[PDB]
Every structure is written in C-alpha cells, then in structure tokens.
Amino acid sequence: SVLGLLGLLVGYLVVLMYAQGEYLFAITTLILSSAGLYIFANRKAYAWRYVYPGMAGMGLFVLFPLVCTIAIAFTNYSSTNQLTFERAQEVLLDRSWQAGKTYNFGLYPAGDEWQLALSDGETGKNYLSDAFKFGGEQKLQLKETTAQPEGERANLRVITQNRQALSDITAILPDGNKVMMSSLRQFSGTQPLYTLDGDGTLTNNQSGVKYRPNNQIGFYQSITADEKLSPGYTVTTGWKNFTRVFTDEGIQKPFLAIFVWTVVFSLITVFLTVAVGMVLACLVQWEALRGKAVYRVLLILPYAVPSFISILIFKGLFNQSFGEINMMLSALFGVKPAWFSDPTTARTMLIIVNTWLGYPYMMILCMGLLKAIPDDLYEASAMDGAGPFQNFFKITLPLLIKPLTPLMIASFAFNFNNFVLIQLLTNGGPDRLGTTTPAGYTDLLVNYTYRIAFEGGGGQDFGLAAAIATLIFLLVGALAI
C-alpha cells in the first residue's frame, strides 16, 4: 500500500541520481533510503523505527556537511577557485565580444505576423525584413527599402513582452554580418568570445589566443607554440593545505594563542552563568520572598530578546569614547575603559555581555533541577541549626552540581564555538599584530578559521580553513578516548 508508493521513489530518484552526473551525492542517497525501508517494513527491527528519522537528520545535515568539509580541505577551494570545471568553462563560453556596429530596430505588425527593421547611421540607409512569426531560433535576411512599413511601431511594452522570441532572431544585412538584439531599441553583432572544439581547449575569437586547462593551479592558461583566464575552477591538491598548518610560522603563531582564550572564555562563561543562575533560582523560589512571580518574569526577560539584537545594542552601548555606558562611567568614577582597543578590556566586555546573555538559561535550568531536592532535607538542617549560607554550600550546591555537570560541559561546548557573539560585538576585537592570516585577540577557533576563509582581503582560502576545521575537530576526538 505505502511500501510500493515509497518504493516508487526508489528508482524515480535513485536512477536519476546516477544520471546528470552528481556521483558524489548519488551514493549516500541510496544508502540512507534503503536502510529506511529495511527498518520500517518487517517487524524484526522495531527499536530502530524510533531512532532512524532522528539519525537521518543527523547524517544529512550534520555528518555529511562535515565529511564534505573535510573533502574541501584536500583541495584548493578559494575565492578564485570556487566552481567545478564544467561550471568554469560554462562561464567562459558565455561571455562574448561585440564585433559589428549597432543598429536601431523597430517592431511592426502585419496582420498576425510581425516585421523587423534596422537602420544604419553611417550610410543612412534602412533595411526591412519579410513577415515572420515569433518563436524559436530563426534568421532573417533584411532588404534595403525607401518606404515605410504598414502598421504603427510597437511600443516598448509590446517589444518587452516578445523579448524572448526576439533574442533568438538573428537578423543579417545584405552587406554586413549577423546581428542580434542588444537592448529594447538596438541590434548589434555579438559573437561568442571563445569556441570549444573536440578537446577541452578554448580558443579566442578576437585575439586568437588558445587556452588549455592547467589542473595544477586550477585555471585556463595561455600556451606558446603568460595569460591566465580568471573565473577559475576547483581542483584537488592533497595534503598541501594540511602541511601548511604544520609548516607556517605566522599561522601557527596565534593558533595556539587564541585556543587559550577560547577555553578560558568558555570556562569563565560557564562558571559565572551557573553562579548567577543558581543563586537567583534559589532566591526566586525562596518562601520568605514577596513578589516571587514578578521577579521571575523580570530576570528571565533578557532571554525573551534574541541574542543577535542584544549583542548589537550592547555593541553601541559599549562604545569607547562615546556611548551611554562610559557616559555615566565617567560622570562617577572618572574612567572610560577601552572596551574595543584593549585586548583585556574587550575580553572583559565579552564575558560581561555573555553572562548577561547566559544567566537566564542557567536560572531556568536550576529552577527545575532544584525541585529534585526534597524539602525535608532543609527541615533536618533547620533542626541542626544551619543558616541560609550553610544550607547553600553544604546541601544545595553539591546536590545540584552532579545533575548539572553534563549540561555545563555542554555549555562549554556551546560557548567554545560561540561564533555569533564574537563576530557581532567585536569581530576579533583588537587586531593581532604581524600575522600571515587575519587574526584578533578576542577571536575564537571558529572565528579565526572563518576569517581565513570568508573575510575579504588577507587571503580567502576556504581549503586552508577546512584543513584547520578538520584539525580542530579530530583533536576534539580525544574527548572521546
């Protein structure tokens, strides 16, 4: 019933995955599909039915783009080397040079059929084609005339409506050569810049220079019996990107240095957010407190505001010379801290902002997790004569840290790769001096690798960044063993 209809797509997609190329994606599409049919059909595998749809998402949208990203590392993927070879030549073959001169054209109705007219400005002569029907690639031989065509000239709107059929019409003069639509008002001779023969050798039509695909650098290059055509294509390079990480001194320089900041940043985040989160969660549920429910919503509010807009409003608030925080921080005290210029002051700001950002989540967590403690433990403590502080450190805290550990080691993992905070607030903070790659003081491992690949200027090597992305992750694979 449903086995056959879902079995229909296995062969409607599977077979077409083999066709039209795409060999890289045709493999996993069947492996994941055939496993889903085997599990959901016979009742021998029932436990996997609850697991499969979960891991299928994990595979397609987490595991694949990772394996694929590691494949990106073995190649020279760059701002220049960005497309496949068949997309590179597709671009190169598309571009065209103008040969012949321009003519002004007009569209004139003759019953149901149309009529074209060009006008040479050099000679002053006019040319007019026979009656034709719009549609398909057709050639029209124009004839010289002194008379006017019957029927009024078509307005722009009408010529725009028939633009597609008009672009395929290749008109030709009695004297000149082929001429095609160049705008809504003009016709000019536009021939393709290159031609591709039997072998993959592009030959120029204006200069006449031939070009062959150089698969060492990834470009079409000029050969003599050196020009480099620069749309560019992606080609494998092997261990060349991985070796650069172990070879370079200017890439390795901040690489170890920001690692320290990354871990230190996330440790201090976890510690302060848990502290603030827990202490408040204890206080909001405290019996003796009056407006518990009012306090509860107010302390949570920061979380009801999206992270990115908080960071952006903080960025403007933390401005050094101007900006409202230092405006009042110089009125009292008298200091205007260098929140962006100084490495430490910036690093401090990050933590202040992140603590603001991160405490509500820990509070909410502790609020629920706090209910796992039975009330009579504090009643037995009251008999023995313990104060509020004594209760917290001898009972509350040690009884919360165990169920909390996995959630805060998860918080360390989150804040380890907290990309959006750094990019939006500081984007690397103060610049790290004398580096071959773009690097900052507040950059995390995710930020540094991102700068290497995507940041305009100072190199855009997607491959090198992919090599470092793999090198991080595989070394985090030590957290397993």
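Don't overthink the numbering: it's just position in the shown sequence, from 1.
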{"item": "Extent of unmodelled deposited sequence, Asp226 relative to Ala225", "value": "4 to 9"}
{"item": "315-323 versus 123-131 - greater average Cα B-factor per the deposited record", "value": "123-131"}
{"item": "Of 471-479 and 4-12, the stretch whose C-alpha atoms average the higher B-factor in the entry", "value": "4-12"}
{"item": "Top residue by Cα temperature factor, when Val158, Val235, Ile268, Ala165 are compared in the entry", "value": "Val235"}
{"item": "Given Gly358, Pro174, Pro302, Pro398, the residue at which the Cα B factor reaches its maximum", "value": "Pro174"}
{"item": "Position of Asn427 among the chain's modelled residues by C-alpha B-factor, lowest, middle or highest third", "value": "lowest"}
{"item": "Modelled-residue ranking by C-alpha temperature factor, third containing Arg347", "value": "lowest"}
{"item": "Ranked against its chain, the third holding the CA B-factor of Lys240", "value": "highest"}
{"item": "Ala35 CA temperature factor, ranked by third within the chain", "value": "highest"}
{"item": "Among modelled residues of the same chain, the CA temperature factor third for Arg153", "value": "middle"}
